[PDB]
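> Quick one: experimental structure and sequence below.
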Amino acid sequence: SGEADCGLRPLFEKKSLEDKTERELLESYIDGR
Amino acid sequence: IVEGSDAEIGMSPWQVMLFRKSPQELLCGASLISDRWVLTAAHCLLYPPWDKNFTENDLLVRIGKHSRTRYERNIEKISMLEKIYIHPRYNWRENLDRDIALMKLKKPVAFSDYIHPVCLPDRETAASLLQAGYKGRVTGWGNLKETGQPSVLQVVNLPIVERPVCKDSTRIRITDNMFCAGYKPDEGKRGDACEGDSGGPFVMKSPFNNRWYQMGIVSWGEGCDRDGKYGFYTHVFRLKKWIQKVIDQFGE
Amino acid sequence: XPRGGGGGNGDXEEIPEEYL
């Protein structure tokens, strides 16, 4: 939304690399995507 | 941030530093929503009971930072503000209702590995993520303790909390333009934002498009990391229309 | 009450005159 290539991080998303705690968020959303 | 960890490099590329020209000093957090626009809490610019009423002049904006205190020589970008815009109905008089402000930069910033906008939620994104128990992430260079200052950007993940629980923890009147977050004394897991973290982003990762959305703005709270108390943030979705409005009437 | 603000102790590194 709040842009166009918005919220897609170059050092993570763009490269398919997960940050050290993002999985903590996704598991709270009654295990994400 | 209280009971947070150090941010990894490029983990929150929309993170902004609201910096005072003189005294040179960390003011607040903010967030990059485009190449010319920044989102922060109105209480960072205007808070009359404390004689706070910052103009465009008084400040610098620093993007792409990791060190709290150092000039990141070819990493960070510093900008001048063109104009500042506060919610016409920001309630500084009683409960920080509509604690939100836009800042339009004099010149658009160039994206890099360290500088990238966050997304603003859509009605549908807000409704599926803004749920009690769902975790969000807050970042900032704020207080480590209620009563030092980190060297590097701090991060913590906290669950949204039910409206009643929010209401029952304070004597301050909670409005639909706010939400509270933190762990419960039962839960025994801790952390919160602290002074100096204000105006920063409360972000969520959409499980459907794997994009990062900004849901809240670090607003107010009673002490930092106190048991039975929570952090309060401006509800970004609810104020979306004022945002579009101002982008649409004067910028980009 | 309000985040407020934080980090005032000059402990910061001088920024470039340009910048400023």
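Alright, I've got the coordinates. Numbers count the residues shown, from 1 in each chain, chains lettered A, B, ... in the order given.
> distance of the closest residue to chain B within chain C from chain A?
Distances between chain C and chain B by CB to the nearest CB are smallest at residue C:3, namely 0.6 Å. C-betas here are computed from N, CA, C, even on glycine. Applying CB to the nearest CB, to the nearest Å, the value for residue C:3 to chain A is 20 Å.
> likewise residue B:150?
16 Å.
> residue contacts, that residue?
By CB atoms under 8 Å, 6 or more residues apart in numbering or on different chains, residue B:150 lies in contact with B:1, B:6, B:68, B:141, B:142, B:144.
> before we move on, back to that, go ahead and confirm the residue of chain C closest to chain B touches residue B:30.
No: taking contacts as CB atoms under 8 Å, residue C:3 lies outside contact range of residue B:30: 10.2 Å.
> which neighbours do these two share?
With CB under 8 Å, 6+ apart as the test, residue C:3 and residue B:30 both reach B:44, B:199, B:200.
> List the residues that contact the second one.
With contacts defined as CB under 8 Å, 6+ apart, the neighbours of residue B:199 are B:18, B:28, B:29, B:30, B:40, B:41, B:43, B:44, B:101, B:217, B:218, C:3.
> again, only this time at 7 Å
Contact partners of residue B:199, counting by CB atoms under 7 Å, 6 or more residues apart in numbering or on different chains, are B:18, B:28, B:29, B:30, B:40, B:41, B:44, B:217, B:218, C:3.
> Residue B:152: which of these is nearest?
residue B:29 (14.2 Å; CB to CB).
> doesn't that closest one fall inside a strand?
Yes: judged by DSSP: H, G, I helix; E, B strand; the rest coil, residue B:29 forms part of a strand.
> distance of the residue of chain B most remote from its centre from residue B:227?
Most distant from the centre of chain B: residue B:186, at 26.8 Å, with distances by CA atoms, centre = their mean. From residue B:186 over to residue B:227 the distance is 10 Å, taken as CB to CB, to the nearest Å.
> got it, and residue B:119?
Applying CB to CB to residue B:119 and residue B:227 gives a distance of 34 Å.
> Looking only at neighbour counts, state which of the two leads.
residue B:119 (24 against 12; other CB atoms under 10 Å in any protein chain shown).
> Could you tell me which residues make contact with residue B:143?
Residue B:143 neighbours (CB under 7 Å, 6+ apart): B:2, B:194, B:195, B:196, B:224, C:6.
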